[PDB]
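Okay, here we've got a single chain as C-alpha cells, the form deposited in one PDB entry, with questions on binding and movement later.
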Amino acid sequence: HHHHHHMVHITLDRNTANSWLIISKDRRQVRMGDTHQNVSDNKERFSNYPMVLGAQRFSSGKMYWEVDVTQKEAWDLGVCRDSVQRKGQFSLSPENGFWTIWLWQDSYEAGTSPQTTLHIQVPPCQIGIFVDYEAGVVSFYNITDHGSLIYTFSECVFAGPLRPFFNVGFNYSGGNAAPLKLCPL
C-alpha cells in the first residue's frame, strides 16, 4: 500500500484503561499486569476486558498507524467511536461502534456481525491500520507480508469522533503476556 505518508503518532490514554493494564511511561506500549494496578475506578475504564483507547480523536482526514503484536496468542485492534460502551459485556461490531480485527485460538477474524474469517498465510508481527474518515473506510495491512491487505470495512457509518482501539487479550494460558506496542514512524 501507499498510506504510510498519513502516519500519525498515537499515544495510549491511561484513564480509559482496564485497571489490570500497565501502560509504559512513553504511552506507546501496553501489557496485561498479573493483578489490579492500584488505580481509582472511573466511568471511562473498560471493566470486563483488557481494553484501552488512544488519546487522539479523529473526525476528518486520512490516518495511518502500526502496532506490534509479536508472540501474542490473542488481541483485538482497530478504531471505535468515542462513545462506545465501557461497562459490562458487549460484542465488537459496527452496530456497537467498533471497526476491528482479532486473533483468537489460532484464527484471524474481522469484527463484523457475525464475524468474518480472514485469510492470512504469513502470521503478522506488525499490523497497519488506515482510516479514511470521509470515505467511510477502515483497512488493515500485514506489515510482515510486504503490506498485503488483510481486511477493508467500507460504507462505515462512524457517527462520531473515532479513537484508536486496543485489546491486549486475556492471559489464562500464560502464553499471551507480551505487549501491544505502537511502532515508530
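Residue indices: 1-based, along the sequence shown.
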Q) Between 135-143 and 118-126, which has the larger average Cα B-factor in the PDB entry? A) 118-126
Q: Between 106-114 and 69-77, point out the one with the higher average CA B-factor as the PDB entry records it.
A: 106-114
Q | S19, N176, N15, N167, ranked by C-alpha B-factor: the highest one | A | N15
Q | Chain-relative CA temperature factor third for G160 | A | middle
Q. Going by the entry, which third of its chain does the Cα temperature factor of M51 land in?
A. lowest
**Q.** For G88, the third of its chain into which the C-alpha B factor falls
**A.** highest
Q: Classify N42 as lowest, middle or highest third according to the C-alpha B-factor given in the PDB entry, relative to its own chain.
A: highest
**Q.** Chain thirds of CA B-factor: placement of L182
**A.** middle
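Separately, the form solved in complex with a small molecule exists; it is not shown, and the next lines address it.
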Q: Given the small molecule in the bound PDB entry, answer whether the residues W99, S154 and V157 all have a heavy atom inside 4.5 Å of it.
A: yes
